[PDB]
Each structure stands twice: as C-alpha cells, then as structure tokens.
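Novice: One structure follows; several queries about it will come next.
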Amino acid sequence: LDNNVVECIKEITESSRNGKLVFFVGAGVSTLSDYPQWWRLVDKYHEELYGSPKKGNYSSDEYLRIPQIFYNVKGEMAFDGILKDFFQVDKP
Amino acid sequence: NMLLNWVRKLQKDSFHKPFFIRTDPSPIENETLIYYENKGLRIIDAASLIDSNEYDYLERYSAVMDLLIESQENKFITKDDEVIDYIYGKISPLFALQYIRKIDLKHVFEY
Amino acid sequence: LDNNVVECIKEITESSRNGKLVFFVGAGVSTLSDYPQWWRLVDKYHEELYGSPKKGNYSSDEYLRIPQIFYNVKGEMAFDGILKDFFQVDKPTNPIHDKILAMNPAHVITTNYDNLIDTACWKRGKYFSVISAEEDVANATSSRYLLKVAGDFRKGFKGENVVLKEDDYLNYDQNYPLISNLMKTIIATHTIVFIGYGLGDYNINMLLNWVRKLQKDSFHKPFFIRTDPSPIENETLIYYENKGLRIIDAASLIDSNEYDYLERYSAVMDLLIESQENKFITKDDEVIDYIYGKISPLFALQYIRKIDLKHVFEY
Amino acid sequence: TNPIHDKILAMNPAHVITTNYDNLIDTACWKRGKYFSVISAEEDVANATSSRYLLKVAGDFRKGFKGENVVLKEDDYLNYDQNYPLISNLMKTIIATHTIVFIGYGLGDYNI
Amino acid sequence: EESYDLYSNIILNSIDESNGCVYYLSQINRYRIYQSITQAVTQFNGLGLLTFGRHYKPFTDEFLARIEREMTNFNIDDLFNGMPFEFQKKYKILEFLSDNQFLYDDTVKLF
C-alpha cells in the first residue's frame, strides 16, 4: 500500500502473468505447517552428542557445527536414525 | 547469502533483481535494507505493511502473499490518467491490422 | 603430564631445534597486552549505524556482517576513521609475544592487525621480514618471514590494507594471492602451532577446510592451543582429531579461573619451553634409546674426541 | 650429463626447479658435489631433507618408471592441482620471492 | 638493571633510520651485559656470603624473572645471520662479533 511496494508488486504480477515467475520458497513455510525446524534438531543432537543441552544460545556457528560433529563422532547410523524417526511426521 | 555472494562477485546489473519477502516480526532497519538493495535484493517488509505483535509467526506470510496475489493491473487504476494508458497499452498493437472482430476483443482484456 | 599432550610437545621442541617450526599466533594473545578486542570494534560499528548498540549479545554472524554494512552505508571515509580511533595505539608486548620467539621460528604467521609482534622480533633480535601485501612478498630481505594477513597502514592511508568487511573474506584469495600462496606453502613444509584462537574462528576453519578438502595425508597435522577457560569436551576433541588438528588444551593441563588468561597462556607455553627430551625420560626404557639415537651416527667414525662430546648432548 | 648442466651450477641456484622426469640434473648436481633435496611427490615437501630444493614440478621416476608419478598424459595436467596440490602451490611461492631464469625452452611449450 | 633497560630502549628505538650497526651492536651488548648479570646474581645468591658476608641483592627477583623471559633460548652465533641481508653484506666487517668465541683469532695470532 506504500511506495516502492506497488512498484515491486506490479513487477511480480507482471512476471506471474508472463508465465515466467519462479518462487524461491524457504524454510519459513515449514513453520506454518508446524514442521520441526532444523535448528530444533540441532539442539536434539547436542543433547545426545554432549549428553545435555548447553545453557548458552546456539549461534549460526553452533547450527552448522553440531551436525558435523554428530555425524563424525556418533557415525552415520546414529545420524540418519534420528531422521528416519523424528522427521517422518506427515503434516497438512 | 551464498547466491548473494555469487551475485556480487560474478553478476553485473544485467540480471533481474530477486525479491525478498520479509516475515520477521521486527521492523526492518533502514541501513540493512540499503545494503541488501545494493547487493540486488528487493525487500518487501511485512511489519511495515501490516502492524502485528511479535507472536504472529503465522498469518504474516499470508498477509503479504494474498496482497501479492490480489494485486491486479485494474486494481492499481485510480482515475483516467491510469485508464487511457492501460487501455492503449494492449490496443495499440492491434492498430496495424485493418479490422478486429469486436467479439474477439475479450482476449486482450482477459475476458 | 597427560600422555596425549606430551607427545605433541616432543615434536614441536625437536622441530624448534631443527629450525623447521612455524608459530601461528592468533588475536587471543593481543587481549593479554590489553589491546582493543575486535568484539568491541564491531560493537562500536553497530552503535554508530543504529544510534545505539544492540542489547542482546552479538553472535558469529554479527561479527562479520556489521562491518560490511558500515562500509556500504557510512562509506569508506567513516570506516578508516573509526579504525584509526580504535586500533591505532601503542601497547606493551605481553609475555607470550617474546616467548613465542623463544623457540626460534623459521616463519611467523599472525592474524593480528597490529605491530605488537614486529616489535617482538627486533626486541628479541631476529629480524623477520614483515609481509602484508604483494609488494612485501616480492622484496624478501630475509629468508625468515612474518606474515600479516591484513597489515597496517604502511601501504598508504587506505582501507584495502585490512580484511574486516565480509566481501574481503570472499575475495581474500584473489585480493591477496601471494600472501595466501605463501600462507599454505609454509604449512606444507613446516610444523604449525595455533595459539590464541577460540576454536571457532573463520580463518582456522577455512584453513582446516582446505587441508581436509584435498590434501591426502602428506601434510603434517598442525597443533592447536585451546586456552579457553572451560575444559574441552571429548566429543569436540575427537572431531578435530579426524580433521587434523592436535588440540593441546590449556584448562586440562592447569586448572585456573575464567579471567587469568595470561596465567593459562604462559603456563602451557612455558611447559612447552621448559620441557626437553631428557625431561620426559622416566625409566631405563627411555634412557638407552635416547642416548643411542644421538650416538648411533657417530659409530661410523673410528674415534671421536671426548671433549666435544657435549655438542651432541646439547651441553 | 651435457656440458650445459655443469654451467648451471656455477652460480649454484638456491632452489632449482625443473620440469624433467629424469635424473640427469640430479646426477649432474652430485658430479659437481652439490647436494639437492629433490622434491617430486606431494609427500616430499613435508619430509624435506634441506632447504635447497630440486623441484621436479611434475614428478619423476625415482619411485619407479611408471605413469602414475610422472605427468605426461592429458588427464594428469587436468588434475595437476588435484594430484599435486602442495608442489604446485610451493612452486608458485618460489616464483614471487626469487629471480627466475627460464632455460631449456622453445618459448612455445605448454609448461611455461 | 638500568643498563639492561636502557639497552632495551636503544634497540627498540632503532627501528627507523636503518641504522643497523647501532641496533646490532646494542643487541650484542645487551647479551653481554645480560651475561654479566647472570653470574652477578650467581656470585651473590650463590657462593653464599664469602667475599662479603652480607647478602646483597642488587637486582630484584622480579627483575631476574623478566630478563630470563626474553633472554630464554637465545643463541648469539646466529645473531649476525638473523640480521637483514642488506646489513649482512654491508656490515660484514662486524661478522665475527656475533660469535661468542670472537676472542680466538686475535689470541691465536698472539699465541
């Protein structure tokens, strides 16, 4: 409804009605379907790899490191075993 | 970030700028928007368009998307200044042909 | 004292006497000299950009993102002004700085943006050829090199002589090809000891990525000195062992508080310095082999002077 | 060993680099009595026996007269950085910090 | 202690002007005075009190701790080699000063 928004919004509808629009949908939509966010999985990995979650906040460095540590230390078998159980929950 | 780095280092202004749909509860800072705009990312902020509390993790995505879908070229038209150009935009190409059947004109006007 | 850590000490000390030791000193030692930390620098940048610093703690992404915004928003002019206001200052050398040079290093690589370590070269006596740009690589006054990833304003009062903004990291390989080419060349031929890092820095990780990506097994495994007050975790320790970083934790060897970093830094480094090969000899099992290893080459000689035998026993 | 080889070692270059798979340079070095830590494999850089390098930048036949160590095939040159990362990086380092006299080329070789 | 501290200032302030010799000589002199201090404290803390009878402590224990800090693992034979190459070929006359046994060629000729 504001300036520079209608300019952007008209170009998107222009492309959409041109049949050439492409949507880069992210992980935010999964939250709407209440899908488990991957950062929540990282905390679960910490509770298994470290035996207890850390009281400090998990940063972006903590997000990418923990699965790498979890995979090499506990092995591939333990890694994908969580995925087969935890993430196989169908949602609307 | 990775494709933005790909954009920055090996893409000129020729490529079309991707559009970002902001959905975080907090309002967007002015400085952050400028940098992303300089990189080539068009930000559409939900907090600026619609004011809601910090617990609207849901329906904030919808509020931008339905407005995006409901955007129609005829919706943007306000008065005759935006009337003649919209009409002339699609009929001017038809001027080359000598005669157009009036029954067939629904095609350009999307019925 | 621990068996896993002492075997690392033997390799570095033997290499130091061999002249093939290279110290990779980080920015942690600079805090010992009470130097403005990079955390406070990014806090200043956020304060100017937003009129007030954020109340919440800044995560890893905040450290690398905020300087990029300030460069693009406030321009290059304001970037250097804050850097000169915050970093252009003189500080005394911490005890680690001199004792880093105690083991004579063939080359020294530092991530510090300052001249704390160059003064250590001249004060100690060894003249390291300080290198901060491609011109410095071309002119090699001395074989021993001191590598500055960024370098000071000696290259002109400009902004390109630092790598702080996010884009600089992305084009670091192409913006500084020579110093990065010599960066890896030293590692392939010399033992590398990482001191002054939090085990989560970008530079140590990026280097670790290169050796883990495609290096087979020819390269030697560099050492890391974790000086964090908290003890290292076994699970974290195992991962870095596979990556090729023999972590030498400091809190494990000596238990201290969470503030006396200098006590932790000096104790482990002095442990490296004061411990010799004969120091680790415990019983007759480590007596005969140690003595034989140094005398065995002399068996070819028919007779050896008894007076100068002290040379082979390091006096 | 050709008489040219002997004339190279008069100015006793610090770290001679050669794109040769043979040991004619290596034997000629010992004929003059000058040692050289020859580095041809990716593991030679780590266990260098001295600072003066005889750089077989593409490998040699010291580990046998097989095509694995030597770089002659097209595929090896494509994977030159993939199979020999250290010795390729190290050779570049010598270029910047030394004065290089290219000798034994026709100005149109692909190696140069 | 003052001479050692003063000699630290000479080498520290000799960074510029490319003096070389003044820095090099002071560095050698710094080792010499440090060498004298090593047996100075050895002849006071050690040897008991035999020549004098009272324990004189000219240098503080803190001063002893620091001087060893920087002077640990110092070899004077490589000091000339540790000098810059420009100094090496320019002040080669002083090449024998680095050697601890420099009083050998002169004594051999006398002998």
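By convention here, the chains of the structure tokens are called A, B, ... in the order presented, each chain's residues are numbered starting at 1, and ligands are numbered starting at 1 in the order presented.
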Name the residues of segment 172-239 of chain C that come out as strand (DSSP E) in a backbone DSSP run; write them as number ranges by chain.

Specialist: C: 191-197, 223-226

Novice: I want to know what sits within 8 Å of segment 33-50 of chain A, based on only C-alpha atoms, with residues of the same chain fewer than 5 positions away left out; could you give that as a PDB file with N, CA and C atoms, in the first residue's frame?

Specialist:
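Result file follows (around.pdb):
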```
ATOM      1  N   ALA A  27      12.467 -22.125   4.251  1.00  0.00           N
ATOM      2  CA  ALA A  27      12.034 -22.965   5.359  1.00  0.00           C
ATOM      3  C   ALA A  27      11.009 -22.286   6.257  1.00  0.00           C
ATOM      4  N   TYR A  63      24.884 -23.837  14.835  1.00  0.00           N
ATOM      5  CA  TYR A  63      23.930 -24.547  13.988  1.00  0.00           C
ATOM      6  C   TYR A  63      24.640 -25.472  13.008  1.00  0.00           C
ATOM      7  N   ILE A  66      27.335 -28.517  14.898  1.00  0.00           N
ATOM      8  CA  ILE A  66      26.897 -29.672  15.690  1.00  0.00           C
ATOM      9  C   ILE A  66      26.576 -30.889  14.827  1.00  0.00           C
ATOM     10  N   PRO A  67      25.819 -30.778  13.729  1.00  0.00           N
ATOM     11  CA  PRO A  67      25.637 -31.961  12.874  1.00  0.00           C
ATOM     12  C   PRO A  67      26.941 -32.517  12.338  1.00  0.00           C
ATOM     13  N   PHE A  70      28.341 -34.382  15.205  1.00  0.00           N
ATOM     14  CA  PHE A  70      27.484 -35.527  15.486  1.00  0.00           C
ATOM     15  C   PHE A  70      27.687 -36.630  14.455  1.00  0.00           C
ATOM     16  N   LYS A  74      29.418 -39.890  16.318  1.00  0.00           N
ATOM     17  CA  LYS A  74      28.462 -40.961  16.559  1.00  0.00           C
ATOM     18  C   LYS A  74      28.188 -41.812  15.326  1.00  0.00           C
ATOM     19  N   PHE A  87      11.741 -37.038  11.762  1.00  0.00           N
ATOM     20  CA  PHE A  87      11.250 -36.191  10.683  1.00  0.00           C
ATOM     21  C   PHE A  87      10.216 -36.865   9.792  1.00  0.00           C
ATOM     22  N   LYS A  91       2.509 -33.744   7.816  1.00  0.00           N
ATOM     23  CA  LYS A  91       1.756 -32.582   8.251  1.00  0.00           C
ATOM     24  C   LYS A  91       0.920 -32.051   7.097  1.00  0.00           C
ATOM     25  N   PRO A  92      -0.238 -31.459   7.389  1.00  0.00           N
ATOM     26  CA  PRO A  92      -1.026 -30.829   6.325  1.00  0.00           C
ATOM     27  C   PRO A  92      -0.284 -29.651   5.713  1.00  0.00           C
TER      28      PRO A  92
ATOM     29  N   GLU C 235      33.849 -35.171  22.880  1.00  0.00           N
ATOM     30  CA  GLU C 235      33.203 -35.243  21.574  1.00  0.00           C
ATOM     31  C   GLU C 235      33.749 -34.181  20.627  1.00  0.00           C
TER      32      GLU C 235
END
```

Novice: Taking only C-alpha atoms into account, what are the residues of chain B at most 9 Å from chain C, put as a PDB file with N, CA, C and O atoms, in the first residue's frame?

Specialist:
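Saved the output as out-v7.pdb:
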```pdb
ATOM      1  N   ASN B   5      26.499 -13.774  -2.611  1.00  0.00           N
ATOM      2  CA  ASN B   5      27.925 -13.705  -2.906  1.00  0.00           C
ATOM      3  C   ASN B   5      28.194 -14.064  -4.359  1.00  0.00           C
ATOM      4  O   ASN B   5      29.051 -13.455  -5.012  1.00  0.00           O
ATOM      5  N   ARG B   8      27.218 -10.969  -6.218  1.00  0.00           N
ATOM      6  CA  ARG B   8      28.115  -9.828  -6.062  1.00  0.00           C
ATOM      7  C   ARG B   8      29.377  -9.979  -6.901  1.00  0.00           C
ATOM      8  O   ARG B   8      29.824  -9.017  -7.537  1.00  0.00           O
ATOM      9  N   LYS B   9      29.959 -11.175  -6.923  1.00  0.00           N
ATOM     10  CA  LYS B   9      31.290 -11.352  -7.486  1.00  0.00           C
ATOM     11  C   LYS B   9      31.290 -11.637  -8.983  1.00  0.00           C
ATOM     12  O   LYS B   9      32.291 -11.356  -9.653  1.00  0.00           O
ATOM     13  N   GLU B  29      15.423  -2.473   9.686  1.00  0.00           N
ATOM     14  CA  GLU B  29      16.276  -1.307   9.845  1.00  0.00           C
ATOM     15  C   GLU B  29      16.621  -0.714   8.484  1.00  0.00           C
ATOM     16  O   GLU B  29      16.767  -1.428   7.488  1.00  0.00           O
ATOM     17  N   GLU B  31      19.375   0.823   7.422  1.00  0.00           N
ATOM     18  CA  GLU B  31      20.710   0.510   6.920  1.00  0.00           C
ATOM     19  C   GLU B  31      20.767  -0.890   6.320  1.00  0.00           C
ATOM     20  O   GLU B  31      21.399  -1.102   5.278  1.00  0.00           O
ATOM     21  N   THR B  32      20.113  -1.859   6.966  1.00  0.00           N
ATOM     22  CA  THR B  32      20.119  -3.226   6.456  1.00  0.00           C
ATOM     23  C   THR B  32      19.448  -3.309   5.092  1.00  0.00           C
ATOM     24  O   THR B  32      19.915  -4.032   4.204  1.00  0.00           O
ATOM     25  N   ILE B  34      19.268  -0.976   2.791  1.00  0.00           N
ATOM     26  CA  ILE B  34      20.095  -0.350   1.761  1.00  0.00           C
ATOM     27  C   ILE B  34      21.159  -1.321   1.270  1.00  0.00           C
ATOM     28  O   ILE B  34      21.378  -1.472   0.061  1.00  0.00           O
ATOM     29  N   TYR B  35      21.830  -2.004   2.200  1.00  0.00           N
ATOM     30  CA  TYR B  35      22.890  -2.933   1.823  1.00  0.00           C
ATOM     31  C   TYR B  35      22.345  -4.065   0.963  1.00  0.00           C
ATOM     32  O   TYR B  35      22.934  -4.421  -0.064  1.00  0.00           O
ATOM     33  N   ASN B  38      21.537  -2.707  -2.360  1.00  0.00           N
ATOM     34  CA  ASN B  38      22.767  -2.545  -3.129  1.00  0.00           C
ATOM     35  C   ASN B  38      23.252  -3.880  -3.676  1.00  0.00           C
ATOM     36  O   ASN B  38      23.732  -3.955  -4.814  1.00  0.00           O
TER      37      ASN B  38
END
```

Novice: Report, in Å to a single decimal, how far apart atom CA of residue 18 of chain E and atom CA of residue 2 of chain E are.

Specialist: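 Taking atom CA of residue 2 of chain E as the start and atom CA of residue 18 of chain E as the end point, the length is 25.3 Å.
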
Novice: Specify as a ChimeraX atom specification all residues of chain A found within 8 Å of chain C, counting only C-alpha atoms.

Specialist: /A:49-50,59-61,69,72-73

Novice: Report as a PyMOL selection string all protein, DNA and RNA residues lying within 10 Å of segment 94-110 of chain D, evaluated on only C-alpha atoms, omitting residues in the same chain fewer than 4 positions from it.

Specialist: (chain C and resi 134-141+143+178-179+181-182+185) or (chain D and resi 4+8+13-19+89-90)

Novice: Each residue of chain B with at least one atom at most 10 Å from chain A should appear once, together with its nearest atom pair and the corresponding distance in Å (one decimal); atoms considered: only C-alpha atoms; ordering: chain, then increasing residue number; output as a tab-separated table.

Specialist:
```
residue	atom	partner	partner_atom	distance
B:18	CA	A:24	CA	9.1
B:19	CA	A:8	CA	7.9
B:20	CA	A:24	CA	9.0
B:21	CA	A:25	CA	9.8
B:23	CA	A:28	CA	8.5
B:24	CA	A:28	CA	9.8
B:42	CA	A:8	CA	7.8
B:43	CA	A:5	CA	9.0
B:44	CA	A:5	CA	6.9
B:45	CA	A:5	CA	9.0
B:48	CA	A:2	CA	8.9
B:49	CA	A:1	CA	7.0
B:50	CA	A:1	CA	9.7
B:57	CA	A:32	CA	7.8
B:58	CA	A:32	CA	5.9
B:59	CA	A:32	CA	8.2
B:60	CA	A:32	CA	9.9
B:61	CA	A:29	CA	8.0
B:62	CA	A:32	CA	9.8
B:67	CA	A:9	CA	8.8
B:68	CA	A:9	CA	6.2
B:69	CA	A:13	CA	7.6
B:70	CA	A:13	CA	9.3
B:71	CA	A:13	CA	7.0
B:72	CA	A:13	CA	7.4
B:73	CA	A:10	CA	7.5
B:76	CA	A:6	CA	8.4
```

Novice: Kindly give the distance, in Å, that separates atom CA of residue 34 of chain E and atom CA of residue 280 of chain C, rounded to a single decimal.

Specialist: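 These atoms are spaced 29.7 Å apart.
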
Novice: Distance atom CA of residue 27 of chain C-atom CA of residue 198 of chain C, one decimal place?

Specialist: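 Interatomic distance here is 9.5 Å.
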
Novice: As a ChimeraX atom specification, which residues of segment 5-40 of chain E does DSSP assign to alpha helix (DSSP H)?

Specialist: /E:5-12,21-40

Novice: Give me, as a PDB file with N, CA and C atoms, in the first residue's frame, all polymer residues having an atom no more than 12 Å from segment 61-67 of chain E, counting only C-alpha atoms and skipping those fewer than 2 positions away in the same chain.

Specialist:
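And here is the file that came out, part-v9.pdb:
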```
ATOM      1  N   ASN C  94      53.001  -8.444  25.461  1.00  0.00           N
ATOM      2  CA  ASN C  94      52.690  -9.394  26.513  1.00  0.00           C
ATOM      3  C   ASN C  94      53.801 -10.435  26.626  1.00  0.00           C
ATOM      4  N   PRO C  95      53.890 -11.133  27.763  1.00  0.00           N
ATOM      5  CA  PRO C  95      54.944 -12.151  27.906  1.00  0.00           C
ATOM      6  C   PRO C  95      54.891 -13.230  26.840  1.00  0.00           C
ATOM      7  N   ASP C  98      57.105 -12.377  23.449  1.00  0.00           N
ATOM      8  CA  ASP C  98      58.534 -12.673  23.422  1.00  0.00           C
ATOM      9  C   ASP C  98      58.790 -14.174  23.452  1.00  0.00           C
ATOM     10  N   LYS C  99      58.091 -14.902  24.325  1.00  0.00           N
ATOM     11  CA  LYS C  99      58.303 -16.341  24.428  1.00  0.00           C
ATOM     12  C   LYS C  99      57.765 -17.103  23.224  1.00  0.00           C
ATOM     13  N   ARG C 124      63.723  -9.082  20.487  1.00  0.00           N
ATOM     14  CA  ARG C 124      64.424 -10.352  20.646  1.00  0.00           C
ATOM     15  C   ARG C 124      65.745 -10.348  19.887  1.00  0.00           C
TER      16      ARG C 124
ATOM     17  N   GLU E   1      70.792  -3.167  36.012  1.00  0.00           N
ATOM     18  CA  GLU E   1      69.378  -3.181  35.652  1.00  0.00           C
ATOM     19  C   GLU E   1      69.027  -1.978  34.788  1.00  0.00           C
ATOM     20  N   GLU E   2      69.536  -0.798  35.145  1.00  0.00           N
ATOM     21  CA  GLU E   2      69.307   0.382  34.319  1.00  0.00           C
ATOM     22  C   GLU E   2      69.973   0.240  32.958  1.00  0.00           C
ATOM     23  N   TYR E   4      70.600  -2.564  31.343  1.00  0.00           N
ATOM     24  CA  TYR E   4      69.788  -3.503  30.577  1.00  0.00           C
ATOM     25  C   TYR E   4      68.522  -2.836  30.056  1.00  0.00           C
ATOM     26  N   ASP E   5      67.819  -2.102  30.924  1.00  0.00           N
ATOM     27  CA  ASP E   5      66.616  -1.402  30.487  1.00  0.00           C
ATOM     28  C   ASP E   5      66.943  -0.347  29.442  1.00  0.00           C
ATOM     29  N   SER E   8      67.563  -1.892  26.171  1.00  0.00           N
ATOM     30  CA  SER E   8      66.296  -2.262  25.550  1.00  0.00           C
ATOM     31  C   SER E   8      65.715  -1.093  24.766  1.00  0.00           C
ATOM     32  N   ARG E  30      73.658  -5.964  24.619  1.00  0.00           N
ATOM     33  CA  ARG E  30      72.597  -6.372  25.532  1.00  0.00           C
ATOM     34  C   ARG E  30      72.823  -7.791  26.034  1.00  0.00           C
ATOM     35  N   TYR E  31      73.258  -8.692  25.152  1.00  0.00           N
ATOM     36  CA  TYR E  31      73.568 -10.046  25.594  1.00  0.00           C
ATOM     37  C   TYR E  31      74.772 -10.052  26.528  1.00  0.00           C
ATOM     38  N   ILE E  33      75.857  -7.638  28.617  1.00  0.00           N
ATOM     39  CA  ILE E  33      75.513  -7.162  29.951  1.00  0.00           C
ATOM     40  C   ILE E  33      74.612  -8.170  30.649  1.00  0.00           C
ATOM     41  N   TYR E  34      73.698  -8.791  29.900  1.00  0.00           N
ATOM     42  CA  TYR E  34      72.890  -9.864  30.468  1.00  0.00           C
ATOM     43  C   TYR E  34      73.766 -11.030  30.900  1.00  0.00           C
ATOM     44  N   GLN E  35      74.802 -11.338  30.115  1.00  0.00           N
ATOM     45  CA  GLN E  35      75.743 -12.379  30.510  1.00  0.00           C
ATOM     46  C   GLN E  35      76.431 -12.024  31.821  1.00  0.00           C
ATOM     47  N   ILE E  37      75.231 -10.111  34.175  1.00  0.00           N
ATOM     48  CA  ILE E  37      74.243 -10.198  35.246  1.00  0.00           C
ATOM     49  C   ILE E  37      74.022 -11.644  35.667  1.00  0.00           C
ATOM     50  N   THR E  38      74.099 -12.582  34.720  1.00  0.00           N
ATOM     51  CA  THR E  38      73.815 -13.980  35.033  1.00  0.00           C
ATOM     52  C   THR E  38      74.753 -14.508  36.109  1.00  0.00           C
ATOM     53  N   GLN E  39      76.053 -14.254  35.969  1.00  0.00           N
ATOM     54  CA  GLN E  39      76.971 -14.643  37.030  1.00  0.00           C
ATOM     55  C   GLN E  39      77.055 -13.617  38.148  1.00  0.00           C
ATOM     56  N   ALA E  40      76.565 -12.396  37.932  1.00  0.00           N
ATOM     57  CA  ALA E  40      76.458 -11.451  39.036  1.00  0.00           C
ATOM     58  C   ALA E  40      75.504 -11.976  40.098  1.00  0.00           C
ATOM     59  N   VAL E  41      74.292 -12.356  39.688  1.00  0.00           N
ATOM     60  CA  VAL E  41      73.350 -12.950  40.627  1.00  0.00           C
ATOM     61  C   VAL E  41      73.840 -14.319  41.083  1.00  0.00           C
ATOM     62  N   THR E  42      74.613 -15.010  40.242  1.00  0.00           N
ATOM     63  CA  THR E  42      75.164 -16.306  40.627  1.00  0.00           C
ATOM     64  C   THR E  42      76.249 -16.161  41.685  1.00  0.00           C
ATOM     65  N   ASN E  45      73.617 -14.589  45.045  1.00  0.00           N
ATOM     66  CA  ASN E  45      72.755 -15.641  45.574  1.00  0.00           C
ATOM     67  C   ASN E  45      73.545 -16.920  45.805  1.00  0.00           C
ATOM     68  N   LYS E  57      71.486  -7.875  47.215  1.00  0.00           N
ATOM     69  CA  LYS E  57      70.516  -8.233  46.184  1.00  0.00           C
ATOM     70  C   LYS E  57      70.353  -7.016  45.281  1.00  0.00           C
ATOM     71  N   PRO E  58      71.342  -6.739  44.426  1.00  0.00           N
ATOM     72  CA  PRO E  58      71.266  -5.535  43.583  1.00  0.00           C
ATOM     73  C   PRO E  58      70.081  -5.538  42.641  1.00  0.00           C
ATOM     74  N   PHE E  59      69.666  -6.707  42.171  1.00  0.00           N
ATOM     75  CA  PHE E  59      68.569  -6.832  41.228  1.00  0.00           C
ATOM     76  C   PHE E  59      67.416  -7.559  41.902  1.00  0.00           C
ATOM     77  N   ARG E  69      62.903 -14.111  30.838  1.00  0.00           N
ATOM     78  CA  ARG E  69      61.718 -14.284  29.952  1.00  0.00           C
ATOM     79  C   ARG E  69      62.127 -14.042  28.497  1.00  0.00           C
ATOM     80  N   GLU E  70      62.678 -12.862  28.196  1.00  0.00           N
ATOM     81  CA  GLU E  70      63.032 -12.557  26.812  1.00  0.00           C
ATOM     82  C   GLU E  70      64.339 -13.225  26.409  1.00  0.00           C
ATOM     83  N   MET E  71      65.224 -13.495  27.366  1.00  0.00           N
ATOM     84  CA  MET E  71      66.561 -13.972  27.046  1.00  0.00           C
ATOM     85  C   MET E  71      66.659 -15.491  27.008  1.00  0.00           C
ATOM     86  N   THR E  72      65.531 -16.160  27.261  1.00  0.00           N
ATOM     87  CA  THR E  72      65.493 -17.644  27.227  1.00  0.00           C
ATOM     88  C   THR E  72      65.711 -18.127  25.791  1.00  0.00           C
ATOM     89  N   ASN E  73      66.530 -19.166  25.609  1.00  0.00           N
ATOM     90  CA  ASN E  73      66.741 -19.752  24.287  1.00  0.00           C
ATOM     91  C   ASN E  73      67.242 -18.702  23.296  1.00  0.00           C
ATOM     92  N   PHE E  74      68.319 -18.023  23.679  1.00  0.00           N
ATOM     93  CA  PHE E  74      68.987 -17.046  22.832  1.00  0.00           C
ATOM     94  C   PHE E  74      70.366 -17.573  22.473  1.00  0.00           C
TER      95      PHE E  74
END
```
